[PDB]
Amino acid sequence: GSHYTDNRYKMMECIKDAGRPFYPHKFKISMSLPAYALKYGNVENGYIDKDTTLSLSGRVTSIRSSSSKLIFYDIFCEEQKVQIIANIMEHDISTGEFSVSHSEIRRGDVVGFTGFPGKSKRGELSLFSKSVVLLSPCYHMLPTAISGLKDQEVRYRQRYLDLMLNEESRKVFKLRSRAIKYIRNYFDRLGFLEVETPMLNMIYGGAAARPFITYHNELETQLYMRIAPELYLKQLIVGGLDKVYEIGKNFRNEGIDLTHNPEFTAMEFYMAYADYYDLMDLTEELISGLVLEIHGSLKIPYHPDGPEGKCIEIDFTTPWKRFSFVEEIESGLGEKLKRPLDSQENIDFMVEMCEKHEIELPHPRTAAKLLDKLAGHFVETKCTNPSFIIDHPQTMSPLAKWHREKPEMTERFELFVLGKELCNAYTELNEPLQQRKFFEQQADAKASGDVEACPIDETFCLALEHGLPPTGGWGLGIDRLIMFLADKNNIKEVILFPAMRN
Amino acid sequence: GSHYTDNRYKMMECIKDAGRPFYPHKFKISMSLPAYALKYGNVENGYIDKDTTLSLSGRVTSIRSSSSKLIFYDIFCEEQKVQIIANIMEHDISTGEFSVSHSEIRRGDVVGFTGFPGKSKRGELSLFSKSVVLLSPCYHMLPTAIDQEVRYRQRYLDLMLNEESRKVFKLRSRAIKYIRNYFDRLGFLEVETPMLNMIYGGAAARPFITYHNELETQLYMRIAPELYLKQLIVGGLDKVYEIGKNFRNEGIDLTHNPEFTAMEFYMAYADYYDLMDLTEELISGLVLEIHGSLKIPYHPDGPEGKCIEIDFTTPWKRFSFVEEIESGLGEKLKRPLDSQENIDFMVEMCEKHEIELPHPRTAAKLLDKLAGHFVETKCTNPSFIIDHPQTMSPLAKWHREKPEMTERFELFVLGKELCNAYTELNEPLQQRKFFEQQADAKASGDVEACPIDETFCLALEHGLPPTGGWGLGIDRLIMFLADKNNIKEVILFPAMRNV
Ligand SMILES: Nc1ncnc2c1ncn2[C@@H]1O[C@H](CO)[C@@H](O)[C@H]1O
Ligand SMILES: Nc1ncnc2c1ncn2[C@@H]1O[C@H](CO)[C@@H](O)[C@H]1O
Ligand SMILES: N[C@@H](CCCC[NH3+])C(=O)O
Ligand SMILES: N[C@@H](CCCC[NH3+])C(=O)O
Ligand code: NA
């Protein structure tokens with residue numbers, strides 16, 4: 001273990017001081033291993049083309065010697081295995097003695113080979129080699145599969161080992177790229193403009209979340225990492241860009257669990273002249289289209305307790321169920337909330353309902369945070385298949401436009417799948433007096449200890465005074481989307497280098 | 001100004017109290033204004049189709065009340081202007097008296113109209129309207145055209161009034177699309193790596209510091225994704241790229257924003273010679289795609305000032321880092337380059353040639369000051385500065401021929417850095433040594449030196465294939481492609497001095 005690494009360093013010093021190849025700068029491959037298998041994988045058993053000399057490279061996954069004169073390697077690269085057959089009779093002595101050249105190679109090394117293409121008589125796609133070059137040794141004894149690792153935290157703390165040994169991990173990150181490409185294409189075809197807005201701002205906003213705080217030395221100002229791009233994106237709609245989207249990181253200074261990482265990939269878009277009814281239809285079309293693209297149908301498998309557990313089916317057939325926020329809470333309680341929803345009477349009532357139903361109280365005990373706890377208990381738990389929770393109270397939705405029919409509510413929805421939030425969207429509040437009033441209420445909540453409440457943003461109120469058209473905006477948690485598409489129940493599976501405790 | 005805003009708020013309260021339309025939730029347009037122009041733009045002068053009623057919407061850019069009976073509007077939306085002709089004889093009185101309905105509208109308002117399509121007798125694409133609805137008022141008197149700091153602090157005003165600024169950000173998207181497509185077609189995988197970490201590295205920069213409360217852990221924002229991306233090549237992904245923000249806690253100027261958009265890629269089995277060829281092919285292709293030529297204009301002092309020509313014709317000029325410094329000095333640096341003797345000699349040379357001294361006076365920072373004076377100033381056209389000393393390139397592999405150098409290049413255009421790339425150091429003993437020298441420099445007062453990254457050293461012990469890696473400043477690229485001399489012109493919401 002420790003001896004192996006020590007001895008490997010001693011081998012490499014011996015190599016270097018014997019004048020032999022020590023970390024060559026450039027190895028010119030003739031073709032990739034996938035290209036090699038495509039070209040030669042169908043030749044007849046025993047075929048060899050001695051008129052063609054080719055250079056290949058990969059990581060050694062197997063070494064065996066059938067005799068003093070014959071060594072078999074497997075190398076692996078870009079998802080393809082190729083066997084190397086090294087016969088002493090073909091060895092190029094200008095590269096050194098056969099036994100010396102091969103004594104330097106270990107399983108796990110990155111190596112190059114040169115030789116003739118073909119297939120062993122037993123039918124294995126092979127390179128019949130004349131030389132071997134150690135390109136980058138592995139100083140550690142590697143397992144053959146991710147089951148041979150010390151802990152399964154190793155997969156996350158040393159992701160290169162997961163990627164090296166586990167095809168399923170590599171497939172996840174290819175699917176991640178494929179899904180994001182689909183999303184960009186969907187919005188590009190609709191005429192959207194992709195933009196980038198600041199991740200560092202003098203004032204945070206646009207979501208219910210605690211920020212990271214930092215400092216810019218030369219400007220002598222504190223800054224926040226963005227919890228959401230919403231307030232900048234809406235200024236672009238004031239500016240006339242009509243259809244914009246942004247895909248990138250949000251940063252939320254909060255706990256880590258199966259569906260939360262402190263930095264995560266999200267998307268928002270803003271579409272002038274849409275309302276939240278339009279956005280519900282678009283969400284159904286976009287997500288069902290993507291599910292269909294990946295899976296071939298709208299009913300897809302999910303293993304909620306890991307792949308050693310049961311398999312359930314998530315049904316993305318549209319249209320999806322709607323749950324109205326307050327009505328579904330009241331159905332769960334068997335009685336109505338007090339009105340106004342943000343009155344002291346209803347706040348006291350909701351505290352007593354949380355205690356009655358053994359729901360842990362938020363702090364501070366604002367109407368918005370109490371409504372959120374009740375929704376999490378009574379409504380989010382009903383959302384197995386994709387389901388919209390709609391018409392959230394204004395008191396918990398400071399940037400959402402008042403509902404055109406329902407007093408105290410907003411034109412808002414959240415999309416939930418398997419009880420977890422995927423999307424958040426609304427008809428955008430574009431009336432500046434109300435916007436300032438709700439910002440003031442947020443700032444009061446922040447001063448009272450609500451770390452997820454946001455300060456007043458004067459620059460944003462001034463932007464609204466220049467005229468935000470009727471607009472619909474929308475956000476999606478891309479990592480959570482990948483969790484469902486790839487059938488992973490831990491967000492650490494879909495993020496290359498996730499945050500780890502300790 | 002102040003009175004106008006307050007009076008507009010009073011108008012809106014009067015509208016609300018009269019039960020008149022107050023911020024309607026949904027206006028259903030019949031078609032976009034560009035679609036409207038495409039459909040009716042070629043009809044004969046004076047054409048009107050009173051059998052077709054359409055709804056259109058935009059921002060009011062002009063109001064001409066020619067008479068008590070007739071009002072002309074221009075509305076603007078999605079880059080298309082349409083004239084609205086509002087005749088009292090067509091007014092739908094169920095929406096209010098004609099004078100009342102139009103009294104509520106001002107230039108700058110977002111409005112909807114419904115009416116008949118056609119063209120005025122004078123030949124203007126028009127809507128002959130029957131109604132008007134105030135969708136979202138503007139509470140401020142707007143100029144007719146673009147401090148000019150207002151363009152940066154209130155970017156919506158720049159976008160609203162200045163087509164040139166909208167064009168810049170469409171070009172920015174077009175260029176990034178071209179870049180993604182170039183690497184996608186080569187079989188690259190786009191990845192995302194952490195912007196928040198317990199350590200910082202991969203470049204020479206002071207980091208931003210933050211804190212995760214639940215984990216009770218101080219964190220740094222990334223100054224570069226380099227060390228994570230190389231771990232993915234150890235992992236076998238072979239060809240990866242990332243496009244996104246870096247964060248560097250340093251001064252702002254015409255080419256520096258504290259957050260900026262960068263791209264890095266890592267290609268197993270490439271060396272820096274391969275990366276030079278790829279850089280030429282990628283960038284010259286993009287320039288050709290946007291401009292139709294490899295020779296493009298640039299205005300270093302603004303669009304009314306002098307214009308120069310940047311020539312992207314291949315192959316580009318190479319400058320060897322040390323040789324060019326020595327040609328400028330007319331004498332040779334002392335060896336080893338990181339000896340105390342050469343540090344003192346480079347200090348003497350800076351004083352001789354009136355170059356401002358770095359702090360601290362490390363060999364790497366002195367060499368950088370000398371290169372900036374004697375070499376970077378020669379790079380008007382795209383030019384590669386190559387073979388940087390190891391002492392300033394702790395992650396670049398030793399040069400296969402030149403002692404003390406590395407297989408590194410930087411791409412400079414108009415004296416400004418655009419790319420940084422090298423054959424990657426994949427030998428772990430040397431890597432630790434150079435990390436230790438960096439840690440010593442940081443302990444000696446170099447705030448741009450990085451701590452030792454043990455997780456990266458351990459990753460190298462698992463075998464990084466020979467690899468070439470590369471970075472590009474996207475914002476600076478857009479500056480040249482779009483002909484802007486200030487990075488604030490290519491970033492939607494740039495950092496501004498707080499005063
Ligand atoms: N900490 C988090 N980690 C991952 N995804 C999150 C987190 N918080 C919220 N989300 C998702 O991102 C969206 C907001 O950016 C939410 O609607 C949800 O889907
Ligand atoms: N502060 C900065 N602002 C903008 N671009 C930068 C900054 N620092 C470096 N760059 C560019 O980004 C690359 C590194 O990410 C550099 O090669 C350079 O082109
Ligand atoms: N900013 C929201 C998403 C957009 C909501 C609609 N404007 C969030 O972080 O969840
Ligand atoms: N990390 C470098 C770019 C890549 C250099 C090659 N590995 C920078 O920030 O300049
Ligand atoms: Na359907």
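Hydrogens, waters and symmetry mates play no part in the numbers below; they use all other heavy atoms, side chains included. First listed ligand is number 1; within each ligand, the first listed atom is number 1. Each chain gets a letter, A, B and so on, in the order its sequence line appears, and its residues count up from 1.
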Measure and list all N/O to N/O distances between ligand 4 and the protein that fall under 3.5 angstrom.
{"unit_1": "ligand 4", "atom_1": "1 (N)", "unit_2": "B:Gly202", "atom_2": "O", "d": "2.8"}
{"unit_1": "ligand 4", "atom_1": "1 (N)", "unit_2": "B:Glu226", "atom_2": "OE1", "d": "2.7"}
{"unit_1": "ligand 4", "atom_1": "1 (N)", "unit_2": "B:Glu264", "atom_2": "OE2", "d": "2.9"}
{"unit_1": "ligand 4", "atom_1": "7 (N)", "unit_2": "B:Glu226", "atom_2": "OE1", "d": "3.1"}
{"unit_1": "ligand 4", "atom_1": "7 (N)", "unit_2": "B:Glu226", "atom_2": "OE2", "d": "3.3"}
{"unit_1": "ligand 4", "atom_1": "7 (N)", "unit_2": "B:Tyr266", "atom_2": "OH", "d": "3.0"}
{"unit_1": "ligand 4", "atom_1": "7 (N)", "unit_2": "B:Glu424", "atom_2": "OE1", "d": "3.4"}
{"unit_1": "ligand 4", "atom_1": "7 (N)", "unit_2": "B:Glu424", "atom_2": "OE2", "d": "2.7"}
{"unit_1": "ligand 4", "atom_1": "9 (O)", "unit_2": "B:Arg248", "atom_2": "NH2", "d": "3.0"}
{"unit_1": "ligand 4", "atom_1": "10 (O)", "unit_2": "B:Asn420", "atom_2": "ND2", "d": "2.9"}

## Note on the structure
Checking B:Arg248, B:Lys365, B:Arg206 against B:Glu448 for salt bridge (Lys or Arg N to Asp or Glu O under 4.0 Å), the one that qualifies is B:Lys365

### Query
Parallel, tilted or perpendicular: which fits the ring planes of B:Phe321 and B:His388, with parallel below 30° and perpendicular above 60°?
tilted

### Query
Can you tell me how far the CH2 atom of B:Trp470 sits from the OH atom of B:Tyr266, to the nearest 0.5 Å?
11.0 Å

#### Entry: Qualifying residue, where the test is side chain to side chain contact (heavy atoms under 4.5 Å, CB included) with B:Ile386 and the options are B:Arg408, B:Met276, B:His399
B:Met276

#### Entry: Ring geometry between A:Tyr245 and A:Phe187 (parallel below 30°, tilted from 30 to 60°, perpendicular above 60°)
tilted

### Message
I'd like to know if A:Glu246 pairs up with A:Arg226 as an ion pair, taking the criterion as any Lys NZ or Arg NE/NH1/NH2 lying under 4.0 Å from an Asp or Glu carboxylate oxygen.
### Response
yes

Between the protein and ligand 2, are there any N or O atom pairs that come within less than 3.5 Å of each other, and if so, what are their names and distances?
{"unit_1": "ligand 2", "atom_1": "1 (N)", "unit_2": "B:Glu250", "atom_2": "OE2", "d": "3.3"}
{"unit_1": "ligand 2", "atom_1": "1 (N)", "unit_2": "B:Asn257", "atom_2": "O", "d": "3.1"}
{"unit_1": "ligand 2", "atom_1": "3 (N)", "unit_2": "B:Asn257", "atom_2": "N", "d": "3.3"}
{"unit_1": "ligand 2", "atom_1": "5 (N)", "unit_2": "B:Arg476", "atom_2": "NE", "d": "3.4"}
{"unit_1": "ligand 2", "atom_1": "15 (O)", "unit_2": "B:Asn246", "atom_2": "ND2", "d": "3.1"}
{"unit_1": "ligand 2", "atom_1": "17 (O)", "unit_2": "B:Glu417", "atom_2": "OE2", "d": "2.7"}
{"unit_1": "ligand 2", "atom_1": "19 (O)", "unit_2": "B:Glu417", "atom_2": "O", "d": "3.1"}
{"unit_1": "ligand 2", "atom_1": "19 (O)", "unit_2": "B:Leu418", "atom_2": "O", "d": "3.1"}
{"unit_1": "ligand 2", "atom_1": "19 (O)", "unit_2": "B:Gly473", "atom_2": "N", "d": "3.4"}

#### Entry: Those residues that, when tested against B:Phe208, pass ring pair (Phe, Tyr, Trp, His ring centres under 6.0 Å) (two or more places apart)
A:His216

### Query
Who are the salt bridge (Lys or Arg N to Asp or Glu O under 4.0 Å) partners of A:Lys401, not counting sequence neighbours?
none

### Query
Should B:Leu425 and B:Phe434 count as side-chain neighbours, where that means a heavy-atom distance under 4.5 Å?
yes

